[PDB]
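Structure, as structure tokens:
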Amino acid sequence: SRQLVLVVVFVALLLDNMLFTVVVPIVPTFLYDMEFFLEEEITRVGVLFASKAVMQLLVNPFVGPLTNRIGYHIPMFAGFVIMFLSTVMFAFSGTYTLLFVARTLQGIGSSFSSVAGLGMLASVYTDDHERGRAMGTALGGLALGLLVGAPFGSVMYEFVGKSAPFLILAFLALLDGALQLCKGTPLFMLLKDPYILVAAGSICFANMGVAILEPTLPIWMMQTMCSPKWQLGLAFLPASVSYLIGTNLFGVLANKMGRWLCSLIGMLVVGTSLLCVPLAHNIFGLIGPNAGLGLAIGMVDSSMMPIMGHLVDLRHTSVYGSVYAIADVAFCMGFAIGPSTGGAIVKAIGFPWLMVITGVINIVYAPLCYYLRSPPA
Amino acid sequence: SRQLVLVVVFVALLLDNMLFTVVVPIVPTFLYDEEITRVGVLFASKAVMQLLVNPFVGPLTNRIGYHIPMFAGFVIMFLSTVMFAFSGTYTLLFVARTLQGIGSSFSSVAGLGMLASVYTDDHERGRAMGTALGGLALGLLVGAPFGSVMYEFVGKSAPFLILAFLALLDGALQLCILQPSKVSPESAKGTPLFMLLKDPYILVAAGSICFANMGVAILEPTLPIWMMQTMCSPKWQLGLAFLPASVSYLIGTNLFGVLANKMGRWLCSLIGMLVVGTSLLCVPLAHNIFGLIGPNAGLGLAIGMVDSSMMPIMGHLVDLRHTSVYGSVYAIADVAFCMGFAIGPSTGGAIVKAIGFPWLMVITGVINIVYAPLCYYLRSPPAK
Ligand SMILES: COC(=O)[C@H]1[C@H]2C[C@@H]3c4[nH]c5cc(OC)ccc5c4CCN3C[C@H]2C[C@@H](OC(=O)c2cc(OC)c(OC)c(OC)c2)[C@@H]1OC
Ligand SMILES: NCCc1c[nH]c2ccc(O)cc12
Numbered sequence: 019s020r021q022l023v024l025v026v027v028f029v030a031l032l033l034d035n036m037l038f039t040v041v042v043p044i045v046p047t048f049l050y051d052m053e054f131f132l133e134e135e136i137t138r139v140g141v142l143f144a145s146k147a148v149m150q151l152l153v154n155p156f157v158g159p160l161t162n163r164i165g166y167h168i169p170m171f172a173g174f175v176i177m178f179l180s181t182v183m184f185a186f187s188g189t190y191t192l193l194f195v196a197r198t199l200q201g202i203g204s205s206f207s208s209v210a211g212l213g214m215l216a217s218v219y220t221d222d223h224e225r226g227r228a229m230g231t232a233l234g235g236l237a238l239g240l241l242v243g244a245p246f247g248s249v250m251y252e253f254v255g256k257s258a259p260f261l262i263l264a265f266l267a268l269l270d271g272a273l274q275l276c289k290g291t292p293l294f295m296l297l298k299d300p301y302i303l304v305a306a307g308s309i310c311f312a313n314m315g316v317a318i319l320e321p322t323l324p325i326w327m328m329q330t331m332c333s334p335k336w337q338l339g340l341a342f343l344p345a346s347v348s349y350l351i352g353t354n355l356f357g358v359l360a361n362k363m364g365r366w367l368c369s370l371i372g373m374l375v376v377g378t379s380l381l382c383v384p385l386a387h388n389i390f391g392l393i394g395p396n397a398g399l400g401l402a403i404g405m406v407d408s409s410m411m412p413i414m415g416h417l418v419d420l421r422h423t424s425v426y427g428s429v430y431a432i433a434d435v436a437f438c439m440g441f442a443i444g445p446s447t448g449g450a451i452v453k454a455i456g457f458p459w460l461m462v463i464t465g466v467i468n469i470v471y472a473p474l475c476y477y478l479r480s481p482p483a
Numbered sequence: 019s020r021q022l023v024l025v026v027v028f029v030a031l032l033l034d035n036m037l038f039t040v041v042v043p044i045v046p047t048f049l050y051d134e135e136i137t138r139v140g141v142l143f144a145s146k147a148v149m150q151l152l153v154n155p156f157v158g159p160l161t162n163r164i165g166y167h168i169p170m171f172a173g174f175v176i177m178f179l180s181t182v183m184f185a186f187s188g189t190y191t192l193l194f195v196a197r198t199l200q201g202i203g204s205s206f207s208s209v210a211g212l213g214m215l216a217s218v219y220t221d222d223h224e225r226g227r228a229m230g231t232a233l234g235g236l237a238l239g240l241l242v243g244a245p246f247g248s249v250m251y252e253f254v255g256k257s258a259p260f261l262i263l264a265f266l267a268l269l270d271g272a273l274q275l276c277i278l279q280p281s282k283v284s285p286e287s288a289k290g291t292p293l294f295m296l297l298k299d300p301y302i303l304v305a306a307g308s309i310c311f312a313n314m315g316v317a318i319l320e321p322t323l324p325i326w327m328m329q330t331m332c333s334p335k336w337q338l339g340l341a342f343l344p345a346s347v348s349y350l351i352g353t354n355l356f357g358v359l360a361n362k363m364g365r366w367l368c369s370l371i372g373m374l375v376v377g378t379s380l381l382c383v384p385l386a387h388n389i390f391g392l393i394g395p396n397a398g399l400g401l402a403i404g405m406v407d408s409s410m411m412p413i414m415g416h417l418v419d420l421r422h423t424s425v426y427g428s429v430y431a432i433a434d435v436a437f438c439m440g441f442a443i444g445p446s447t448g449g450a451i452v453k454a455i456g457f458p459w460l461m462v463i464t465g466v467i468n469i470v471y472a473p474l475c476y477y478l479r480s481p482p483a484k
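Each protein sequence line maps, in turn, to chains B and A.
When the letters of the first sequence are read in order and numbered with the authors' numbering, they come out as residues 19 to 54, 131 to 276, 289 to 483.
When the letters of the second sequence are read in order and numbered with the authors' numbering, they come out as residues 19 to 51, 134 to 484.
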């Protein structure tokens, strides 16, 4: 039924973001467990975190003709196979080499599942009005999975073991497939104008703060904070709660006070939050700056997503998910460059210099948002 | 007696800054009985001369104390206001403005130095400067309408005669409290100024003050011309358009002088520079007078934040690194103030005719924004 595809797409996006967030506080702690010095391993940790983003990067365009040739269900189903294999590989992983392959399959399955499920949702709903509601429900499921995943893996590692949240995620995925078992202006012309490129760089630089924080904040915590091993994923809860509050709030506020002002203020608070992050000497210090950073990224997304839609609509022709490809290129850009470059930058210089560099980059990029106010064509 | 030094500087900056803004709506209307440029050179005569006397005023405070410079500032302000009251031509009004400049330089350097010296606790010192800047904000707030209504009703010399009487009362108060009759040299030999320009920290703080006050100082000469060119506003609203900046500057300087210590000086300066840059960014987007109360109030709050944060941070730096002599650093701060006040009004029309007002606002705002993260350098400067 029409509701069935909605529930399977909701579950798929939920589990995908859950895997993304659950991999975060397990890898550094798993690395700590075996060697029983992370400055030498941090660069490969960053590469292992960016592998999914880079593989997704090379795999986005190929799904396009593949969707047309063989429909939408089969790419949706194969996404299941890849993420189920990635989940079982994550739980049984004992070697770094296996984990890199699992991250690569995670990227493949995430790209396949996202594109195929969004296309299937577009195909099923042809009423021209409920499509937006269905997309909103799917994105709400994405945000909810983002909120839930980190407390899942962090709490359920030292309490009921290491293979627990991956096995439970695989079981929930198996419930997903049982439910599912029963245009123009290409993106490489839409990157041809300075306005859309500035907006994409805006979203990429806004998300690069959390992208660079994810590989390095847990290792920073075990090196100075001495926090308990169950608290690492809990230490990112402000970045999700404040993100949800900010994204809901600024959306009504955004149009009254201008989208460009929202984006500029969001980048300013992103830079300030990243600067204020490396001074905390205990976990309660991180709640302020991390909550501010989450609210900032929520403001930036809620201001720049409609401005990207307006920019695509006013000059070019957009589709149901034409804005999807541009933003995801920024997200994969950040999650491939920030994690990869971050290991080298923390090996060469300290983590505080990394945070200062990212904050300064956001601050200097902040004045460029004037370019988007009333653009012409 | 530690509190009685704050009330003196509270009234010294009140009267001297009163004559700065009262003369603004009284000189070009009086002279009327290329011409705009000669009028604008009147205003910047204080700003140019005060910049040069400042390097000779700062080190002078070391060798004679702080009382005599403030007494001389009282005398010079008395002479400047009296000469303003009677002079009725350009060459007679230029010397009066330069005299007001020299008096303002004396009063500002001596007052900020004596507040820094008598207030030793850093959090406690962060409050005297805030209230003194509040008195300054109230002075520039009441200066313009005072001169306007006095010139409309009671005459031209009367707003300057009353200022002379208040200056006489200020001199009596100074002779009662401070006793400026002897030259007292500071026991500690203060550091030379040109070593202090080799400190990155002092240069960054002075640059922050200079860029914020350049942002405020560029706006005042250039805003009313753009107003008449674009919105076609009646003349009576011109001075009222800048009132929220003064009001917000007073409120912000009091409030953030209270909390700059709890919230953090570097974060206060950074947020203030960011908000002043953003406010100048949205200033040339106003399509009527009602759109300017917001950004102007934000600009005033930003400048009050940056001023209350960086005003005691200079004393903090000079105590953490250099010797405990405060004349030179606050002389540099007043130099930054006067440099911003000097580049603005003489070159405002030239820059507007060259590139345009919105591009000037964009340039100043982007300069403030990119200079903002350099204030993170002031988080914890190492000691000697
Ligand atoms: C991880 O997986 C993601 O990459 C998602 C998130 C990335 C990032 C993040 N990661 C964290 C990990 C944490 O634990 C350590 C803690 C906090 C965070 C935060 C806080 C900040 N944050 C944002 C998250 C949001 C998701 O993006 C969308 O919701 C979205 C919205 C849209 O418009 C409504 C779109 O347009 C239709 C769209 O498609 C282009 C996507 C985004 O991509 C799917
Ligand atoms: N130093 C405070 C700058 C300033 C704030 N408000 C003002 C009003 C008028 C003026 O000439 C200057 C100002």
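Note that the Cβ used here is the ideal one computed from N, Cα and C, for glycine as well.
Annotation: B/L236 to B/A210 spans about 16 Å, alpha carbon to alpha carbon. Classified as exposed, A/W336 has fewer than 16 neighbouring CB atoms from the shown chains inside 10 Å of its CB. Of all residues in the region 463-476 of chain B, those with a C-beta nearer than 8 Å to a C-beta of chain A are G465, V466, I469, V470, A472, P473, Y476, reading in chain order. Taken through DSSP and simplified to helix, strand or coil, A/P259 comes out as helix. At least one CB atom of chain B sits nearer than 9 Å to the CB of A/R479. When DSSP states are grouped into helix, strand and coil, A/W336 belongs to the coil group. Here the region 415-433 of chain A makes no contact with the region 388-398 of chain A; the two share fewer than three CB pairs at distances below 8 Å.
Between A/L240 and A/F38, the gap from beta carbon to beta carbon is short of 9 Å.
For A/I371, at least one C-beta of chain B is nearer than 9 Å to its own C-beta.
At a cut-off of 9 Å between beta-carbon atoms, B/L142 makes no contact with chain A. For A/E320, the enclosing alpha helix (DSSP H) has its first and last residue at 300-330. In this model, A/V383 and A/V462 are separated by some 9 Å (Cα to Cα). Put simply, the backbone Cα of B/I44 is about 40 Å away from that of A/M373. Looking at the backbone, the Cα of A/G247 and that of A/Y50 are separated by about 17 Å.
Excluding residues up to 5 positions away in sequence, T39, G339, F342 lie with their Cβ nearer than 6 Å to the Cβ of B/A244 in the same chain. Residues of chain B whose Cβ lies closer than 9 Å to the Cβ of A/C382 are, in chain order, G364, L367. Residue-level contact check: B/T378 touches chain A, since one or more beta carbons of chain A fall below 9 Å from its beta carbon.
Of the candidates B/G201, B/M314, B/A264, B/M314 places its Cα closest to the Cα of B/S379. Residues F311, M373, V376, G377 of the same chain have their beta carbon placed closer than 6 Å to that of B/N468, with the five preceding and five following residues left out of the count. Residue environment for A/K146: buried (at least 16 other C-beta atoms within 10 angstroms of its C-beta). When B/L293, B/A185, B/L268, B/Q274 are compared, the shortest CA-CA separation from B/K256 is found for B/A185. Setting aside the 5 residues that flank it on each side, B/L22 is surrounded in the same chain by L273, each with a C-beta closer than 7 Å to its C-beta; the list follows chain order. Shown here, A/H167 sits in a helix according to DSSP, grouped into three states. Take A/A216, set aside five residues on each side of it, and the residues of its chain with a beta-carbon closer than 7 Å to its own are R225, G415, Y426, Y430, in chain order. Inter-segment contact for the region 348-358 of chain A and the region 393-402 of chain A is present: three or more beta-carbon pairs are separated by less than 8 Å.
With contacts defined as CB atoms closer than 9 Å, B/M36 and B/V242 qualify as a contacting pair. The three-state reading of DSSP puts B/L293 in helix, counting H, G and I together. Ranked by Cα distance from A/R479, the options A/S428, A/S409, A/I176 are led by A/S409.
In chain order, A232, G235, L236 place their CB closer than 6 Å to the CB of B/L31, counting only its own chain and leaving out the 5 sequence neighbours on each side. Taking the Cβ of A/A30 as the reference point, every heavy atom of ligand 2 lies at 8 Å or farther away.
Closest in C-alpha terms to A/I325, from the list A/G465, A/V452, A/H167, comes A/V452. Judged by their CB atoms, A/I136 and A/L297 are not nearer to each other than the 9 Å cut-off. Burial of B/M331 is indicated by the presence of at least 16 other C-beta atoms within 10 angstroms of its C-beta. Measuring C-alpha to C-alpha distances from B/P46 to each of B/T322, B/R163, B/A196 identifies B/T322 as the nearest.
For B/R227, the enclosing alpha helix (DSSP H) begins and ends at 224-252. Spatial neighbours of B/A442 in its own chain (CB-CB distance under 7 Å, excluding positions within 5 residues in sequence) are listed in chain order as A144, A147, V148, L151.
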